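Presented below is the structure to which this report refers.
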Amino acid sequence: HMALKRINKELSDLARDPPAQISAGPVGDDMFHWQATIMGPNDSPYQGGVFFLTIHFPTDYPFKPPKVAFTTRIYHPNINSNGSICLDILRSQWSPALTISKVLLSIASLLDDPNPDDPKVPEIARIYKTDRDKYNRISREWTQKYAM
Amino acid sequence: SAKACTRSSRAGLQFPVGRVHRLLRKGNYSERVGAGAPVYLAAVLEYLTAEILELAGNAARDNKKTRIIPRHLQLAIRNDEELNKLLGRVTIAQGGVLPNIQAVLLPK
Amino acid sequence: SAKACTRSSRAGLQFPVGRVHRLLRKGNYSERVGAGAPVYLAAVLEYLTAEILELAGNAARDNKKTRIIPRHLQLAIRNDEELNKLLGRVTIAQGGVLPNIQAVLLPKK
Amino acid sequence: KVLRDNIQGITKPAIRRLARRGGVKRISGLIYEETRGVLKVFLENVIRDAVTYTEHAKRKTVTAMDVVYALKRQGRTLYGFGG
Amino acid sequence: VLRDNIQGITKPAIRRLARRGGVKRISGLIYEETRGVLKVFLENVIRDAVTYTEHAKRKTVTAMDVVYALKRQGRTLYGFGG
Amino acid sequence: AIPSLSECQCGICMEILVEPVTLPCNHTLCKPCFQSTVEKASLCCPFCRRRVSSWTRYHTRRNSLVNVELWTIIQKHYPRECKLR
Amino acid sequence: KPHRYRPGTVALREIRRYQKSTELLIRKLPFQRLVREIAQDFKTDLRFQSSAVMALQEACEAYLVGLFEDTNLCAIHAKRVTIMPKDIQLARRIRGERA
Amino acid sequence: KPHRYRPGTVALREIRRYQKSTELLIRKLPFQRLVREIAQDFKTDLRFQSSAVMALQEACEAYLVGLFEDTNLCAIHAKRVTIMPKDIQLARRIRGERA
Amino acid sequence: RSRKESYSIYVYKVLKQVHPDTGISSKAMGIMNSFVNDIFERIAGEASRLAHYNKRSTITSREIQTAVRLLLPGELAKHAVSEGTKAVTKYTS
Amino acid sequence: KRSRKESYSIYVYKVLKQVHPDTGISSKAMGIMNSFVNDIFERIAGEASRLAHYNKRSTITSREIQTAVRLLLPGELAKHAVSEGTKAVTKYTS
DNA sequence: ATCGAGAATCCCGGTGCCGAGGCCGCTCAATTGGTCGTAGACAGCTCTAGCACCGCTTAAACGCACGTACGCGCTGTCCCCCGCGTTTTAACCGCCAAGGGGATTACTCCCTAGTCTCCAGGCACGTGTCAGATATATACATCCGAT
DNA sequence: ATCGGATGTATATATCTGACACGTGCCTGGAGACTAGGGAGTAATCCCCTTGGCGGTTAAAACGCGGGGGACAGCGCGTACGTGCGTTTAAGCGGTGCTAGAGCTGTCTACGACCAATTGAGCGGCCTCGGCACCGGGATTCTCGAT
Ligand SMILES: [Zn+2]
Ligand SMILES: [Zn+2]
């Protein structure tokens, strides 16, 4: 139906000019389910890591936001163990003009600097606010075993 | 909506769902209060506030001012068919009256 | 008082004090209800009912009748001053209106 | 089972009787249409609230209590039908 | 004690109120009638205000008592509380 | 002047403007997209998030939602795409 | 030779007669049909209790009687005895019904 | 020789001036004295918050302006331009303030 | 069936107090029932609002007295206050 | 210090910064806005309470608030306001 | 149909002030997790009254004709608000000083909600009889034309 | 100023019918005794804002005067509405039949109140810089007596 044309336009625009360090595609036969992979940003404690996530398109698109969930495990103040992400673009301030490229870029930029104003995991956010060295060490310890 | 966040953000509102729930529950309105009532009431209140604020902002812009004063509120309320009907008996302090001179009184 | 008879009889009234107390408690007015409020409310209600009934009975007797109908109630309410103000916005079914004709509409002498 | 222009059932003699009860001696010929319009507006306003009340209670017949409640909400208390 | 303060509502004030109300020409007996009706309105409002104050076991008539009285009579006022 | 085809594109459906309505924030989108967001979303501008609830109410009862000048210019300079759209 | 009253006496006679009775001055069937038509306009497939229709008739008649009293006062104010639609409009405006 | 406006063209000027402003038209001190006199007539040895007096002034002025609008309409209805006490009485009676 | 409560018998008792000879029809009883219910609702609502304003949580006799003073006109309010005070004094002892 | 008093000033300013991102508001206008919000809250919450009492229920649900909004809002406003509330509920459960 | 002089109002530029908006600290109320008693959702059955139709009166509605009296336009008189100038009065603003009462906190006691048991007061149902509505026949008040 | 029709309303008498008043069975709601804890009364203290006063200066009110426009009364016209009579229409009443839907009952499952720990949203207080108020000069525009 109508959302389908938006999906083909999204896929074409992603294929012609792929973004940096990320790549998304249709995991299944239907166009609703997508799989995406992201490479750790260069100026971050996630060096060398590659991460997988799933994108679920609602039956009502683009006027309702999609839902993204991390497949792997990540040590970040804004992400739980099950992959839930606390991003205002996905829930609080979603607009139809936004594209999956923008939300993926925002997710990538989250790893550059975590948001401590509204952390989804208060404890590790408080740990990060305590000392940067301990947060860096624990993030590296998690990523050399989970990401790779 | 997924939990583990403030109630006013799950519904997408700006008005406080929790305060409205407390006022409904402690206001001697009913023995019990449903879980969806505060959300509905807060949404309605926010809609009305946004409507009147937009009309008052237009009225203030028409007067070259960048600050809403009660005169602009009166102008916005009394120039609308429905808000005037809703706020019929309500008196706005220092709001004045709309300019209206009867056609008979004008010079011929 | 004696603290031995029924509550209405102890208070000297005929309106129910227990029913008024229950209606105040279950009516969602306040978390708590005092012990003397139903007596006061019942007394006020009984006084108002007695006034209206006396006026209606007078109006019915003036019409050579032994039964108050809504017409007598309307006459009693409207012909009074305080009662008419208290029930200004109230409409009495089958009550009619007070008879009056403006002086201008009367025939010229 | 639709109905059309039943407001003509409020005939001129009925309006004359209502005016006589109101204390009117001489009546112009254009009062009747204005009175019909006013009565239509009043009836619509009351019946809308009555139907809302009967819809909230998951019913299909409007009761006298719904009409009484609607009248009280509009500010016209009615005695003799309950409440 | 005070006496005969209703004359403080002078002729120019009533003329200004009429002009704001949209009145082009005023007769000469308007002023006494206006003073009388204003006095009646003030008495009606202040009676309820003083009753509200007396119930609260207070000795000052706060603005909130006035707001409550005006709301009770059907003259809701916005700006002074509530 | 004449707007180019690059800037004559609806941002939501990525197609040519069809009865383009212009919001008070000077953002223009085609009528079906605007109606869909009004009836199915938060009733704001999808581009800069400025709610137009009162404006939408006041202009939906007079059928003045659609901008006429821009629509005429689009329909005159680009008549080919409208038929297939 | 035939006897007939001057215009005005019969009107006052009817005024005195209808201010003394209490019955309903509108026929029941036309008012019931009008009420049912309006209700059908609002929500289809409705049933009416007889008490509801009677209450509606009583309220409407009382409202019209009060409006006609106010109209008569408005007409008398302008040094007249006829009531005209402008009197009804002024009475409705001052009452705040339409503002 | 001195320039004088025709009677009526200064009244409309004040109508336009006072309908565009928002201040209070009655003086403060006489109104406060009148309020205190009425209150001490009700209950002796009372005190007033300034906001209470201001609220009373705002309510009184709004009521008077509305009454004057209705009185002006009543006066225009009778084919005049002056406002007379009978206009005020009729407006108050129709509004229900005295019946 | 279901039981419906009303003030019929008390109204009849008061009527026999004031006018031992006169009777009363059914429609008059319905009108008096409606009147009593309306006055009850008015006074109770005013008393509840008064209690809420003063940051209280109970409705005592003074709230009812002030509500009666606020609602009823002058002479009616004075007589109602006198009757209520008399009833409370008689009941409390 | 003075005891804490609650108000809708912060939320009213947050809403104002949405319709007009470059327009301020005076203190008296906020005082009027807060009173308006309180008045509408009281109206709706009283009408819903009476509506629930009529049908012998004990709970104030979203249905009662919707019917109260239908009853006491004039025409188009109701047709809009209801809708908004509905959407909020639909966005709160899921 | 107009030209021009006196007068009120709107624009524009410069100066100053005070309060509206943003930031910091903190306390308390909203959030989260779990438990448990109960309200209302739902299915089922009963039986009340709302709806539809038909036949017969006769009462209210309708249409038409005649006349008169009241609404409306026009003219005229006069008198009372209006516009303007001058003088008198007190409102408004800033300052100081006292203390009355509103607002907050701590302690205690007694008054009311909750529970259980018991019984009688009011409600539904049934029946008798007389208050009042109706029909019929006089008595008198009142309206209208004509002396 | 009445007088005689002529009409309509008020008054007295028989009668008969259905609605008001009272009695009975019972069951559900009100009364009585007991307990616990939280709400409100009472005493003490702080300090905020309400009252009272004095001096100046000046915007606003009071007084007086010339007069022009509007309020009010009187006449004439003619048309719209009141009153009465013959005709047609559909309201009102009675009686019967059918069933949709209101109303009540039994199960039970999911929604909502309560309780305890925790911490971040929002409220109180401070500070500053720009929006608005004010002043002074100039341009614009209704107004009116005179053509
Ligand atoms: Zn589009
Ligand atoms: Zn935009």
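To be explicit about the labels: the chains of the structure tokens are called A, B, and onward in the order shown, and within each one the residues are counted from 1, while ligands get numbers from 1 in the order they are shown.
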Next item on the list: Please return as JSON, numbers by chain: the residues of chain F that backbone DSSP assigns to alpha helix (DSSP H).
Entry: {"F": [31, 32, 33, 34, 35, 36, 37, 38, 39, 40, 53, 54, 55, 56, 57, 58, 59, 60, 68, 69, 70, 71, 72, 73, 74, 75, 76, 77, 79, 80, 81, 82, 83, 84]}
Note to self: Taking only C-alpha atoms (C1' of nucleotides) and all ligand atoms into account, list the residues no farther than 8 Å from ligand 2, as a list in words.
What the structure shows: residues 23, 24, 25, 26, 27, 28, 45, 46, 47, 48, 49 and 50 of chain F
Chain H in the frame of chain G after full C-alpha superposition, as a CSV table (one decimal) with N, CA and C atoms, in the first residue's frame:
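What ended up in superposed-v6.csv:
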chain,number,residue,atom,x,y,z
H,1,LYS,N,-76.7,44.1,12.3
H,1,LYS,CA,-77.7,43.6,13.2
H,1,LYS,C,-77.2,42.5,14.1
H,2,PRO,N,-76.5,41.5,13.6
H,2,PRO,CA,-75.9,40.5,14.5
H,2,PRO,C,-74.9,41.2,15.4
H,3,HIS,N,-74.8,40.6,16.6
H,3,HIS,CA,-74.0,41.2,17.7
H,3,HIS,C,-72.5,40.7,17.5
H,4,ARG,N,-71.6,41.7,17.5
H,4,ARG,CA,-70.2,41.4,17.4
H,4,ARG,C,-69.5,42.2,18.4
H,5,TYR,N,-68.5,41.6,19.1
H,5,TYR,CA,-67.7,42.3,20.1
H,5,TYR,C,-66.7,43.2,19.4
H,6,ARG,N,-66.3,44.3,20.1
H,6,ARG,CA,-65.3,45.2,19.5
H,6,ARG,C,-64.0,44.5,19.5
H,7,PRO,N,-63.1,44.8,18.6
H,7,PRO,CA,-61.8,44.1,18.5
H,7,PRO,C,-60.9,44.4,19.7
H,8,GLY,N,-60.7,43.4,20.5
H,8,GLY,CA,-59.8,43.5,21.6
H,8,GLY,C,-60.4,42.9,22.9
H,9,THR,N,-61.7,42.8,23.0
H,9,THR,CA,-62.4,42.4,24.2
H,9,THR,C,-62.5,40.8,24.2
H,10,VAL,N,-62.2,40.1,23.2
H,10,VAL,CA,-62.2,38.7,23.2
H,10,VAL,C,-60.7,38.2,23.5
H,11,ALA,N,-59.7,39.0,23.1
H,11,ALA,CA,-58.4,38.7,23.5
H,11,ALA,C,-58.1,38.7,25.0
H,12,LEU,N,-58.6,39.7,25.7
H,12,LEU,CA,-58.5,39.7,27.1
H,12,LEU,C,-59.3,38.6,27.8
H,13,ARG,N,-60.4,38.2,27.2
H,13,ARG,CA,-61.1,37.0,27.7
H,13,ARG,C,-60.3,35.8,27.6
H,14,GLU,N,-59.6,35.5,26.5
H,14,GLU,CA,-58.7,34.4,26.4
H,14,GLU,C,-57.5,34.5,27.3
H,15,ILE,N,-57.0,35.8,27.5
H,15,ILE,CA,-55.9,36.0,28.5
H,15,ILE,C,-56.3,35.5,29.9
H,16,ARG,N,-57.5,35.9,30.3
H,16,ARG,CA,-58.0,35.5,31.6
H,16,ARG,C,-58.3,34.0,31.7
H,17,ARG,N,-58.8,33.4,30.5
H,17,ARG,CA,-59.1,32.0,30.6
H,17,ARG,C,-57.9,31.1,30.6
H,18,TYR,N,-56.9,31.4,29.8
H,18,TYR,CA,-55.7,30.6,29.7
H,18,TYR,C,-54.7,30.8,30.8
H,19,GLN,N,-54.8,31.9,31.6
H,19,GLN,CA,-53.9,32.1,32.7
H,19,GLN,C,-54.5,31.4,34.0
H,20,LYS,N,-55.7,31.0,33.9
H,20,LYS,CA,-56.4,30.3,35.1
H,20,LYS,C,-56.3,28.8,35.0
H,21,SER,N,-56.1,28.2,33.8
H,21,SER,CA,-56.0,26.8,33.6
H,21,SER,C,-54.6,26.3,33.7
H,22,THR,N,-54.4,25.0,33.6
H,22,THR,CA,-53.1,24.4,33.8
H,22,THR,C,-52.8,23.3,32.8
H,23,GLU,N,-53.6,23.0,31.8
H,23,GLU,CA,-53.4,22.0,30.8
H,23,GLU,C,-52.3,22.3,29.8
H,24,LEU,N,-52.0,21.4,28.9
H,24,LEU,CA,-51.0,21.7,27.9
H,24,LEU,C,-51.7,22.2,26.6
H,25,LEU,N,-51.1,23.3,26.0
H,25,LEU,CA,-51.7,24.0,24.9
H,25,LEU,C,-51.4,23.4,23.6
H,26,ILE,N,-50.2,22.9,23.4
H,26,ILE,CA,-49.8,22.3,22.1
H,26,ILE,C,-50.3,20.9,22.1
H,27,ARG,N,-50.7,20.4,20.9
H,27,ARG,CA,-51.3,19.1,20.7
H,27,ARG,C,-50.2,18.1,20.9
H,28,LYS,N,-50.6,16.9,21.3
H,28,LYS,CA,-49.6,15.8,21.7
H,28,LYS,C,-48.9,15.2,20.5
H,29,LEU,N,-49.7,14.7,19.6
H,29,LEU,CA,-49.1,13.9,18.5
H,29,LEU,C,-48.1,14.7,17.6
H,30,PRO,N,-48.4,15.9,17.2
H,30,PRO,CA,-47.4,16.7,16.4
H,30,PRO,C,-46.2,16.9,17.1
H,31,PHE,N,-46.3,17.3,18.4
H,31,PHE,CA,-45.1,17.5,19.2
H,31,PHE,C,-44.2,16.2,19.4
H,32,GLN,N,-44.9,15.1,19.6
H,32,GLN,CA,-44.2,13.8,19.7
H,32,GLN,C,-43.5,13.5,18.4
H,33,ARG,N,-44.1,13.8,17.2
H,33,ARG,CA,-43.5,13.5,15.9
H,33,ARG,C,-42.3,14.4,15.7
H,34,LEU,N,-42.4,15.7,16.1
H,34,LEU,CA,-41.3,16.6,16.0
H,34,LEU,C,-40.1,16.2,16.9
H,35,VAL,N,-40.4,15.7,18.1
H,35,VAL,CA,-39.3,15.3,19.0
H,35,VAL,C,-38.6,14.0,18.4
H,36,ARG,N,-39.4,13.1,17.9
H,36,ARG,CA,-38.9,11.9,17.3
H,36,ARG,C,-38.0,12.2,16.0
H,37,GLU,N,-38.5,13.2,15.2
H,37,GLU,CA,-37.7,13.6,14.1
H,37,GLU,C,-36.3,14.2,14.5
H,38,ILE,N,-36.3,15.1,15.5
H,38,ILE,CA,-35.1,15.6,15.9
H,38,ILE,C,-34.2,14.5,16.5
H,39,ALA,N,-34.7,13.6,17.3
H,39,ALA,CA,-33.9,12.6,17.9
H,39,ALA,C,-33.3,11.7,16.9
H,40,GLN,N,-34.1,11.3,15.9
H,40,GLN,CA,-33.6,10.4,14.8
H,40,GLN,C,-32.6,11.2,13.9
H,41,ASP,N,-32.7,12.5,13.9
H,41,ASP,CA,-31.6,13.3,13.3
H,41,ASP,C,-30.3,13.2,14.1
H,42,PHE,N,-30.4,13.1,15.4
H,42,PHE,CA,-29.2,12.9,16.3
H,42,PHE,C,-28.7,11.5,16.3
H,43,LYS,N,-29.5,10.5,16.7
H,43,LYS,CA,-29.1,9.1,16.7
H,43,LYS,C,-30.3,8.3,16.1
H,44,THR,N,-29.9,7.4,15.3
H,44,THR,CA,-30.9,6.6,14.6
H,44,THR,C,-31.4,5.4,15.4
H,45,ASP,N,-32.6,5.0,15.1
H,45,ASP,CA,-33.3,3.8,15.8
H,45,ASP,C,-33.3,4.0,17.3
H,46,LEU,N,-34.1,5.0,17.7
H,46,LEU,CA,-34.3,5.3,19.1
H,46,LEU,C,-35.7,5.1,19.6
H,47,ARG,N,-35.9,4.9,20.9
H,47,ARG,CA,-37.2,4.7,21.5
H,47,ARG,C,-37.3,5.7,22.7
H,48,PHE,N,-38.6,6.1,22.9
H,48,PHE,CA,-38.9,7.1,23.9
H,48,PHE,C,-39.9,6.6,24.9
H,49,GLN,N,-39.6,6.8,26.2
H,49,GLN,CA,-40.6,6.7,27.2
H,49,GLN,C,-41.6,7.8,27.1
H,50,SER,N,-42.9,7.5,27.4
H,50,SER,CA,-43.9,8.6,27.3
H,50,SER,C,-43.6,9.7,28.3
H,51,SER,N,-43.1,9.4,29.5
H,51,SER,CA,-42.7,10.4,30.4
H,51,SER,C,-41.7,11.4,29.9
H,52,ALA,N,-40.7,10.9,29.1
H,52,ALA,CA,-39.7,11.7,28.5
H,52,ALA,C,-40.4,12.8,27.5
H,53,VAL,N,-41.3,12.3,26.7
H,53,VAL,CA,-42.0,13.2,25.8
H,53,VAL,C,-42.8,14.3,26.6
H,54,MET,N,-43.5,13.8,27.7
H,54,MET,CA,-44.3,14.7,28.5
H,54,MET,C,-43.4,15.8,29.1
H,55,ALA,N,-42.2,15.4,29.6
H,55,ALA,CA,-41.3,16.3,30.2
H,55,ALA,C,-40.8,17.3,29.2
H,56,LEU,N,-40.5,16.9,28.0
H,56,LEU,CA,-40.0,17.8,27.0
H,56,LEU,C,-41.1,18.8,26.6
H,57,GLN,N,-42.4,18.3,26.6
H,57,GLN,CA,-43.5,19.2,26.3
H,57,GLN,C,-43.6,20.3,27.4
H,58,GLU,N,-43.6,19.8,28.6
H,58,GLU,CA,-43.7,20.8,29.7
H,58,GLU,C,-42.6,21.8,29.7
H,59,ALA,N,-41.4,21.4,29.5
H,59,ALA,CA,-40.3,22.4,29.5
H,59,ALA,C,-40.4,23.3,28.3
H,60,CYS,N,-40.8,22.8,27.1
H,60,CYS,CA,-40.9,23.7,26.0
H,60,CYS,C,-42.0,24.7,26.2
H,61,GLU,N,-43.1,24.3,26.7
H,61,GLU,CA,-44.3,25.2,26.9
H,61,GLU,C,-43.9,26.3,28.0
H,62,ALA,N,-43.2,25.9,29.1
H,62,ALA,CA,-42.8,26.9,30.0
H,62,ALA,C,-41.8,27.9,29.4
H,63,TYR,N,-40.9,27.4,28.7
H,63,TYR,CA,-39.9,28.3,28.0
H,63,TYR,C,-40.6,29.3,27.1
H,64,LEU,N,-41.6,28.8,26.3
H,64,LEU,CA,-42.3,29.7,25.3
H,64,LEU,C,-43.1,30.7,26.1
H,65,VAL,N,-43.8,30.3,27.2
H,65,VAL,CA,-44.6,31.3,27.9
H,65,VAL,C,-43.7,32.4,28.5
H,66,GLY,N,-42.5,32.0,29.1
H,66,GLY,CA,-41.6,33.0,29.6
H,66,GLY,C,-41.1,33.9,28.5
H,67,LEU,N,-40.7,33.4,27.4
H,67,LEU,CA,-40.3,34.2,26.3
H,67,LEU,C,-41.4,35.2,25.8
H,68,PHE,N,-42.6,34.7,25.8
H,68,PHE,CA,-43.7,35.6,25.4
H,68,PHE,C,-44.0,36.7,26.4
H,69,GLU,N,-43.8,36.4,27.7
H,69,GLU,CA,-43.9,37.5,28.7
H,69,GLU,C,-42.8,38.5,28.5
H,70,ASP,N,-41.6,38.1,28.3
H,70,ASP,CA,-40.5,39.1,28.0
H,70,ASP,C,-40.7,39.9,26.7
H,71,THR,N,-41.2,39.2,25.7
H,71,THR,CA,-41.5,39.8,24.4
H,71,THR,C,-42.6,40.9,24.6
H,72,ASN,N,-43.6,40.5,25.4
H,72,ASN,CA,-44.7,41.5,25.6
H,72,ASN,C,-44.2,42.7,26.3
H,73,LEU,N,-43.3,42.5,27.3
H,73,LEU,CA,-42.7,43.7,28.0
H,73,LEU,C,-41.9,44.5,27.0
H,74,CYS,N,-41.1,43.9,26.1
H,74,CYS,CA,-40.3,44.6,25.1
H,74,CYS,C,-41.2,45.4,24.2
H,75,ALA,N,-42.3,44.8,23.8
H,75,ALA,CA,-43.3,45.5,22.9
H,75,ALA,C,-43.9,46.7,23.6
H,76,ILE,N,-44.3,46.6,24.9
H,76,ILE,CA,-44.9,47.7,25.6
H,76,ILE,C,-43.9,48.8,25.8
H,77,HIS,N,-42.6,48.4,26.0
H,77,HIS,CA,-41.6,49.4,26.1
H,77,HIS,C,-41.5,50.4,25.0
H,78,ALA,N,-41.6,49.9,23.7
H,78,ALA,CA,-41.6,50.7,22.5
H,78,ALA,C,-42.8,51.4,22.2
H,79,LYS,N,-43.8,51.5,23.2
H,79,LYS,CA,-45.0,52.2,23.0
H,79,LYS,C,-45.9,51.6,21.9
H,80,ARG,N,-46.1,50.3,22.0
H,80,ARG,CA,-47.0,49.5,21.1
H,80,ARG,C,-47.8,48.5,21.9
H,81,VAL,N,-48.6,47.8,21.3
H,81,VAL,CA,-49.3,46.6,21.9
H,81,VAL,C,-49.1,45.3,21.1
H,82,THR,N,-48.8,45.4,19.8
H,82,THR,CA,-48.5,44.2,19.1
H,82,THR,C,-47.1,43.7,19.5
H,83,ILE,N,-46.8,42.4,19.3
H,83,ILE,CA,-45.5,41.9,19.5
H,83,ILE,C,-44.9,41.5,18.1
H,84,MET,N,-43.7,41.9,17.8
H,84,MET,CA,-43.0,41.8,16.5
H,84,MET,C,-41.8,41.0,16.7
H,85,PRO,N,-41.2,40.4,15.6
H,85,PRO,CA,-40.0,39.6,15.7
H,85,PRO,C,-38.8,40.3,16.3
H,86,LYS,N,-38.7,41.6,16.2
H,86,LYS,CA,-37.6,42.3,16.8
H,86,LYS,C,-37.7,42.3,18.3
H,87,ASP,N,-39.0,42.3,18.8
H,87,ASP,CA,-39.1,42.1,20.3
H,87,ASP,C,-38.5,40.8,20.8
H,88,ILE,N,-38.9,39.7,20.1
H,88,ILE,CA,-38.3,38.4,20.4
H,88,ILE,C,-36.8,38.4,20.3
H,89,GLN,N,-36.3,39.0,19.3
H,89,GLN,CA,-34.8,39.0,19.1
H,89,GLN,C,-34.1,39.8,20.2
H,90,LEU,N,-34.7,41.0,20.6
H,90,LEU,CA,-34.1,41.8,21.6
H,90,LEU,C,-34.2,41.0,23.0
H,91,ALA,N,-35.3,40.4,23.3
H,91,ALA,CA,-35.5,39.7,24.6
H,91,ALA,C,-34.5,38.5,24.6
H,92,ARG,N,-34.3,37.8,23.5
H,92,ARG,CA,-33.4,36.7,23.5
H,92,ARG,C,-31.9,37.2,23.7
H,93,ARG,N,-31.6,38.3,23.0
H,93,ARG,CA,-30.3,38.8,23.1
H,93,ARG,C,-29.9,39.3,24.5
H,94,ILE,N,-30.9,40.0,25.1
H,94,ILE,CA,-30.6,40.5,26.5
H,94,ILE,C,-30.5,39.3,27.5
H,95,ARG,N,-31.4,38.3,27.3
H,95,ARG,CA,-31.3,37.2,28.2
H,95,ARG,C,-30.1,36.3,28.0
H,96,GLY,N,-29.3,36.6,27.0
H,96,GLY,CA,-28.1,35.9,26.7
H,96,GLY,C,-28.2,34.6,25.9
H,97,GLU,N,-29.4,34.4,25.3
H,97,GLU,CA,-29.6,33.1,24.5
H,97,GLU,C,-28.9,33.2,23.2
H,98,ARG,N,-28.6,34.4,22.6
H,98,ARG,CA,-27.9,34.5,21.4
H,98,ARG,C,-26.8,35.5,21.4
H,99,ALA,N,-26.8,36.5,22.3
H,99,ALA,CA,-25.8,37.5,22.4
H,99,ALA,C,-25.5,38.2,21.1
At a cut-off of 12 Å, using only C-alpha atoms (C1' of nucleotides), what residues contact residue 74 in chain K? Leave out same-chain residues fewer than 6 positions from it and give the result as a CSV table (one decimal) with C-alpha atoms (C1' of nucleotides), in the first residue's frame.
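The file below, out_16.csv, is the result:
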chain,number,residue,atom,x,y,z
L,74,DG,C1',-50.5,66.0,17.6
L,75,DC,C1',-52.8,64.5,12.7
L,76,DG,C1',-53.7,61.8,8.9
L,77,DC,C1',-53.6,57.6,6.2
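Using only C-alpha atoms (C1' of nucleotides) and all ligand atoms, residues with at least one atom at most 9 Å away from any atom of ligand 1 are residues 9, 10, 11, 12, 13, 14, 15, 16, 17, 18, 20, 29, 30, 31, 32, 33 and 34 of chain F.
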Deliver the residues from the most recent selection as a file, using N, CA, C and O atoms, as a compact mmCIF listing (two decimals), in the first residue's frame.
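Written file, again-v6.txt:
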# COMPACT_ATOMS: atom_id res chain seq x y z
N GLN F 9 9.51 19.46 -4.31
CA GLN F 9 9.30 18.07 -3.93
C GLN F 9 8.74 18.00 -2.52
O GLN F 9 9.25 18.67 -1.62
N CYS F 10 7.70 17.19 -2.33
CA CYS F 10 7.17 16.97 -0.99
C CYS F 10 8.16 16.16 -0.16
O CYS F 10 8.71 15.17 -0.64
N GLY F 11 8.39 16.59 1.08
CA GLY F 11 9.40 15.95 1.90
C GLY F 11 8.99 14.60 2.44
O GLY F 11 9.86 13.78 2.77
N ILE F 12 7.69 14.34 2.55
CA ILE F 12 7.23 13.12 3.21
C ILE F 12 7.16 11.96 2.22
O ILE F 12 7.85 10.95 2.39
N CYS F 13 6.34 12.09 1.19
CA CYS F 13 6.16 11.02 0.22
C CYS F 13 7.17 11.06 -0.92
O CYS F 13 7.14 10.18 -1.79
N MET F 14 8.07 12.05 -0.93
CA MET F 14 9.13 12.18 -1.92
C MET F 14 8.60 12.26 -3.35
O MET F 14 9.29 11.85 -4.29
N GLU F 15 7.40 12.78 -3.53
CA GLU F 15 6.79 12.90 -4.85
C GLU F 15 6.46 14.37 -5.14
O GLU F 15 6.77 15.27 -4.36
N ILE F 16 5.83 14.59 -6.29
CA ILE F 16 5.45 15.95 -6.68
C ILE F 16 4.31 16.43 -5.79
O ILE F 16 3.48 15.65 -5.31
N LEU F 17 4.28 17.74 -5.55
CA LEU F 17 3.27 18.33 -4.68
C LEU F 17 1.89 18.24 -5.33
O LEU F 17 1.72 18.59 -6.50
N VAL F 18 0.91 17.77 -4.56
CA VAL F 18 -0.46 17.62 -5.02
C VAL F 18 -1.34 18.37 -4.03
O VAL F 18 -1.46 17.96 -2.87
N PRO F 20 -0.59 21.54 -2.70
CA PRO F 20 0.37 21.82 -1.62
C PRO F 20 -0.18 22.86 -0.65
O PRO F 20 -0.51 23.98 -1.04
N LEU F 29 3.71 21.14 2.23
CA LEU F 29 3.59 19.71 1.97
C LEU F 29 2.27 19.45 1.27
O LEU F 29 1.32 20.22 1.38
N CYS F 30 2.21 18.34 0.53
CA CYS F 30 1.03 18.05 -0.26
C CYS F 30 -0.15 17.68 0.64
O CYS F 30 0.01 17.24 1.78
N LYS F 31 -1.35 17.89 0.11
CA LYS F 31 -2.57 17.76 0.91
C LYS F 31 -2.77 16.36 1.48
O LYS F 31 -3.15 16.27 2.67
N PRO F 32 -2.60 15.26 0.74
CA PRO F 32 -2.79 13.94 1.36
C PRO F 32 -1.88 13.70 2.56
O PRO F 32 -2.33 13.14 3.56
N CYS F 33 -0.62 14.12 2.47
CA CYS F 33 0.29 13.96 3.61
C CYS F 33 -0.19 14.75 4.82
O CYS F 33 -0.19 14.24 5.94
N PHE F 34 -0.60 16.00 4.60
CA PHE F 34 -1.08 16.81 5.71
C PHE F 34 -2.32 16.21 6.35
O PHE F 34 -2.43 16.14 7.57
What are the closest atom pairs, with distances in Å to one decimal, for all residues of chain E lying within 9 Å of chain J? Consider only C-alpha atoms, order rows by chain and residue number, and present the result as a Markdown table.
| residue | atom | partner | partner_atom | distance |
| --- | --- | --- | --- | --- |
| E:77 | CA | J:35 | CA | 8.8 |
| E:78 | CA | J:32 | CA | 5.2 |
| E:79 | CA | J:32 | CA | 4.6 |
| E:80 | CA | J:31 | CA | 7.4 |
| E:81 | CA | J:35 | CA | 6.6 |
| E:82 | CA | J:35 | CA | 5.5 |
